[PDB]
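Here's the structure, in structure tokens; my notes come after.
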Amino acid sequence: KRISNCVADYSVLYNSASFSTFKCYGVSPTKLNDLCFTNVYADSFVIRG
Amino acid sequence: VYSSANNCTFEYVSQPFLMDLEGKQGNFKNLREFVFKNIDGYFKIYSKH
Ligand SMILES: *[C@@H]1O[C@H](CO)[C@@H](O)[C@H](O)[C@H]1NC(C)=O
């Protein structure tokens, strides 16, 4: 799924704690509201623990 | 309008537009002008009824 032409909101993404993994490779997640990107892609699959 | 599609990059809906699907043979009553433009990949629309 491609996400584009929209204003990102990662606030609810890190203000939740139900997730178990919040590792961000390449870019530091501490600065995400200051960064403007061109394209957002989001994959989704289920895998065993 | 087409056969099939594989992947896409952009979409848009905006506000609904209501129009008449009945065709006649009478004289015209409205005039519509459109301008399509591209600099640096910017797709531009200029229109006024
Ligand atoms: C869509 O798929 C084609 C493969 O035919 C690929 O070349 C193209 O880069 C893809 N588009 C996007 C936006 O990933």
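Chain labels A, B, ... are given in the sequence in which chains occur in the structure tokens; within each chain residues are numbered consecutively from 1, and ligands are likewise numbered from 1 in the order shown.
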Q) If you count only C-alpha atoms, which residues fall within 7 Å of residue 35 of chain B, apart from same-chain ones fewer than 6 positions away, as a PyMOL selection string? A) chain B and resi 45-47
Keeping only C-alpha atoms, write the selected residues to a file as a PDB file, in the first residue's frame.
ATOM      1  CA  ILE B  45      -5.400  23.030 -13.930  1.00  0.00           C
ATOM      2  CA  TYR B  46      -6.979  26.375 -14.844  1.00  0.00           C
ATOM      3  CA  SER B  47     -10.742  26.361 -15.364  1.00  0.00           C
TER       4      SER B  47
END
Q. Which chains and residue numbers are within 12 Å of ligand 1, counting only C-alpha atoms and all ligand atoms, if I want them as a PyMOL selection string?
A. (chain A and resi 1-4+38-41) or (chain B and resi 5-10)
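Between atom CA of residue 11 of chain A and atom CA of residue 33 of chain A the interatomic distance comes to 8.6 Å.
Nearest-residue note for chain A: choosing from B:17, B:36, B:11, B:3, the minimum distance belongs to B:11, counting only C-alpha atoms.
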Q. When you draw a straight line from atom CA of residue 29 of chain B to atom CA of residue 14 of chain B, how long is it in Å?
A.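 If I compute the distance from atom CA of residue 29 of chain B to atom CA of residue 14 of chain B, I get 26.1 Å.
Taking atom CA of residue 35 of chain A and atom CA of residue 15 of chain A as the two end points, the separation is 18.5 Å.
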Q) Could you write out, as a PyMOL selection string, all the residues of chain A that DSSP marks as strand (DSSP E or B)? A) chain A and resi 2-3+40-41
**Q.** chain A: residues DSSP assigns to alpha helix (DSSP H), reported as a VMD selection string
**A.** chain A and resid 11 to 14
Q) From the set A:27, A:37, A:43, A:48, which residue has the shortest atom-to-atom contact distance to residue 7 of chain A, counting only C-alpha atoms? A) A:37
Q: Using only C-alpha atoms, find the one residue out of A:31, A:24, A:42, A:36 that sits nearest to residue 5 of chain A.
A: A:36
Q | Spatial neighbours of residue 14 of chain A, 12 Å, only C-alpha atoms, chain gap at least 4 places, as a PyMOL selection string | A | chain A and resi 9-10+18-24+29-30+32-33
Output for the residues just chosen: C-alpha atoms as a PDB file, in the first residue's frame:
ATOM      1  CA  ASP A   9       1.144  11.722  11.952  1.00  0.00           C
ATOM      2  CA  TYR A  10       3.592   9.451  13.775  1.00  0.00           C
ATOM      3  CA  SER A  18       0.869  -2.254  22.402  1.00  0.00           C
ATOM      4  CA  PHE A  19       3.635  -2.842  19.844  1.00  0.00           C
ATOM      5  CA  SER A  20       6.709  -4.913  20.688  1.00  0.00           C
ATOM      6  CA  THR A  21       9.266  -3.661  18.132  1.00  0.00           C
ATOM      7  CA  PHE A  22      10.034  -0.003  17.357  1.00  0.00           C
ATOM      8  CA  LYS A  23      13.396  -0.292  15.599  1.00  0.00           C
ATOM      9  CA  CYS A  24      13.948   2.276  12.833  1.00  0.00           C
ATOM     10  CA  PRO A  29      12.850   8.008  14.880  1.00  0.00           C
ATOM     11  CA  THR A  30      13.548  10.835  17.359  1.00  0.00           C
ATOM     12  CA  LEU A  32      10.301  12.279  12.230  1.00  0.00           C
ATOM     13  CA  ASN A  33       8.038  15.340  12.438  1.00  0.00           C
TER      14      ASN A  33
END
